[PDB]
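From first to last, the protein sequence lines stand for chains B and A. Using PDB author numbering, the letters of the first sequence correspond one by one to residues 9 to 33, 49 to 76, 104 to 250. Using PDB author numbering, the letters of the second sequence correspond one by one to residues 9 to 33, 48 to 83, 104 to 251. All C-beta atoms, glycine included, are put in the ideal place defined by N, C-alpha and C.
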Amino acid sequence: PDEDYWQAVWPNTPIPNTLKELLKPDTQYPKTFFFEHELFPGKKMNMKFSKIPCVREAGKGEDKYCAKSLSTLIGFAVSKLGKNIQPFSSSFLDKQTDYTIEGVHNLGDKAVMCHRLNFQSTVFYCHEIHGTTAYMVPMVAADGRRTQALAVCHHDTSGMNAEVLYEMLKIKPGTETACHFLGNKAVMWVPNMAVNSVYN
Amino acid sequence: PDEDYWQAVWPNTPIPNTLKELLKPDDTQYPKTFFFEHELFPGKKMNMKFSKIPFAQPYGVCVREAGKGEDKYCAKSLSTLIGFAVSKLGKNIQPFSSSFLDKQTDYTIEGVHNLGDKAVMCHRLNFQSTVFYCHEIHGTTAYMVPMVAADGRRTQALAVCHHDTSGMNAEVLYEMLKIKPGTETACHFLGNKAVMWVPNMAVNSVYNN
Ligand SMILES: [Cu+2]
Ligand SMILES: [Cu+2]
């Protein structure tokens, strides 16, 4: 049933294993924050993970939605971005801490983010992004395995706890772009145009 | 017969316009800017310095055929060029080259794509005749660097980081980076006249699976 729904839209594509996993009926949130100029080949990242960062309908806004099934999830994503999109998510590895950045791929500023809520039931809180650039960041871990994670840089750097901006980056709102990674439980939908980059 | 040669190997692909251009039968520009790997990041402001002349050697890397190491070769036709490339890398490869824009100076880096350490570089010599000096690369990582210019146009350039940072004018390392050989990785860009052949594996990156 589920893949039927999917293949109707994107025939001759499977659900990617990341998404396929998130659709099954505690977590880690990466806590590390950084500036854009720290995304470069050879950057050593020591990743700090926290056990702690709809039911709360905060979708007063049309640009926000609370998806309960793959059908509704796709519906919302395409309603904002159209059909030519792919879902991505981070793939931090189980007990690895230290990674080296291999490269940094710009995914642009139009996307939909979906956060898998920690309930047993498949539930995602989905919303559009604004004033923000997304990146895909391939990395190699200490044990030699290669993976990748999604980073988000907020450039309208307002509307956040000035204290944490200061804590992490010794800066206060409005001035400079603050970036952080997303956890494996997030899905981000992105246009195919962005991904192709040079190749299209 | 030109495209026949190509389409025989890669059917339902054209020669890409950059390569197509380089295969046509004076002076060019060599970018002179050098940098460290940690300067390749989103939002880096690059002011590009261009020279009408290389510095002694092509940065640090043939009618004389200083090509007598086998790892080097001197290609005179698209057929020979392809032959050499595939002989070293196999068939599943693409050629890339930089596309600096005519009189632009200042660019912002959008992103940085790792193409790995296996590749073949081909430099189009300045003869009327189609001639390239081709060689394999070693102790070096290649990158594709998308950029937006001051005038708003988007393009991309190839960068090369030498990590076995030997085998170069220590003078220029010092001039540009106030450093001498052996210590740290030195990077620079390639001119629009270079072609680099790269495996498809590298390019796909994540999108392999
Ligand atoms: Cu954020
Ligand atoms: Cu070089």
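Specify, as a first and last residue, the run of the beta strand (DSSP E) that residue i falls within.
{"i": "A:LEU200", "result": "196–204"}
{"i": "B:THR182", "result": "182–191"}
{"i": "B:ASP148", "result": "148–151"}
{"i": "B:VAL162", "result": "162–166"}
{"i": "A:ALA117", "result": "114–117"}
{"i": "B:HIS60", "result": "No beta strand (DSSP E) holds B:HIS60; DSSP gives it neither H nor E."}
{"i": "A:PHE174", "result": "174–178"}
{"i": "B:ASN250", "result": "Per DSSP, B:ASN250 belongs to no beta strand (DSSP E) and is neither H nor E."}
{"i": "A:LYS145", "result": "First-last for A:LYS145: undefined, no H or E at that position."}
{"i": "B:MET68", "result": "67–69"}
So the alpha helix (DSSP H) residue i belongs to, where does it begin and stop?
{"i": "B:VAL214", "result": "212–219"}
{"i": "B:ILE135", "result": "Taken as a continuous stretch (DSSP letters only), B:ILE135 belongs to no alpha helix (DSSP H), being part of the beta strand (DSSP E) at 135–138."}
{"i": "B:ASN25", "result": "25–30"}
{"i": "B:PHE126", "result": "120–131"}
{"i": "A:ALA16", "result": "10–17"}
Pop quiz: residue i and residue j are said to be a contact at Cβ under 8 Å. What is the actual Cβ separation, rounded to whole angstroms?
{"i": "B:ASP159", "j": "B:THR182", "result": "6 Å"}
{"i": "A:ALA127", "j": "A:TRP239", "result": "4 Å"}
{"i": "A:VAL154", "j": "B:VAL202", "result": "That pair is no contact at about 18 Å."}
{"i": "A:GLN146", "j": "A:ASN242", "result": "No, A:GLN146 and A:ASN242 are not in contact; Cβ-Cβ is about 30 Å, not under 8 Å."}
{"i": "A:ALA244", "j": "A:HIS165", "result": "Not really, about 21 Å apart at Cβ, beyond 8 Å."}
{"i": "B:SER139", "j": "B:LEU200", "result": "7 Å"}
{"i": "A:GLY224", "j": "A:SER208", "result": "6 Å"}
{"i": "B:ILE151", "j": "B:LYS66", "result": "4 Å"}
{"i": "A:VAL214", "j": "A:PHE77", "result": "6 Å"}
{"i": "B:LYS114", "j": "B:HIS177", "result": "4 Å"}
{"i": "A:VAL162", "j": "A:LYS130", "result": "6 Å"}
{"i": "B:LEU31", "j": "B:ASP10", "result": "7 Å"}
{"i": "A:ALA212", "j": "A:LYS222", "result": "5 Å"}
Between the options, which has its C-alpha nearest residue i's C-alpha?
{"i": "A:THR122", "options": "A:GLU59, A:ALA236, A:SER208, A:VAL173", "result": "A:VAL173"}
{"i": "B:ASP144", "options": "B:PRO53, B:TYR175, B:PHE57", "result": "B:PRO53"}
{"i": "B:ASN69", "options": "B:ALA192, B:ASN156, B:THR207, B:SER208", "result": "B:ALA192"}
{"i": "B:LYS71", "options": "B:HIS60, B:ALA108, B:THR55, B:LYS110", "result": "B:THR55"}
{"i": "A:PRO80", "options": "A:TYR249, A:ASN250, A:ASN251, A:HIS230", "result": "A:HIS230"}
{"i": "B:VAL105", "options": "B:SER171, B:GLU11, B:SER129, B:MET186", "result": "B:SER171"}
{"i": "A:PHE142", "options": "A:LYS130, A:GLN51, A:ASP113", "result": "A:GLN51"}
{"i": "B:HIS204", "options": "B:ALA228, B:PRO24, B:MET186, B:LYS220", "result": "B:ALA228"}
{"i": "A:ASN156", "options": "A:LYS133, A:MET163, A:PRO188", "result": "A:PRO188"}
{"i": "A:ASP12", "options": "A:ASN251, A:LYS222, A:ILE124", "result": "A:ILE124"}
{"i": "B:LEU120", "options": "B:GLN15, B:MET210, B:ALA184, B:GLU107", "result": "B:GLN15"}
{"i": "B:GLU226", "options": "B:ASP10, B:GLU29, B:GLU59, B:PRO22", "result": "B:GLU59"}
{"i": "A:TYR249", "options": "B:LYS220, B:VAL162, B:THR197", "result": "B:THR197"}
{"i": "A:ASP49", "options": "A:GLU107, A:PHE169, A:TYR175", "result": "A:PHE169"}
{"i": "B:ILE75", "options": "B:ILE221, B:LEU167, B:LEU62", "result": "B:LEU167"}
{"i": "A:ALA184", "options": "A:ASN20, A:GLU29, A:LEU62", "result": "A:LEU62"}
{"i": "A:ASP206", "options": "A:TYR216, A:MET186, A:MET218, A:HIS180", "result": "A:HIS180"}
{"i": "B:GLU112", "options": "B:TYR175, B:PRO33, B:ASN20", "result": "B:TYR175"}
{"i": "A:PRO64", "options": "A:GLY194, A:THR21, A:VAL190, A:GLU107", "result": "A:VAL190"}
{"i": "A:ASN251", "options": "B:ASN25, B:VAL17, B:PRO19", "result": "B:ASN25"}
Quick one: does the C-beta of residue i sit closer than 7 Å to a heavy atom of ligand 4?
{"i": "A:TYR185", "result": "Here the bound small molecules are ligand 1 and ligand 2; ligand 4 is not part of this structure."}
Residues whose Cβ lies closer than 7 Å to any heavy atom of ligand 1, in chain order: B:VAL202, B:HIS204, B:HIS230
What runs of the beta strand (DSSP E), each 3 residues or longer, lie entirely inside the segment 218–244 of chain B? 228–231, 236–241
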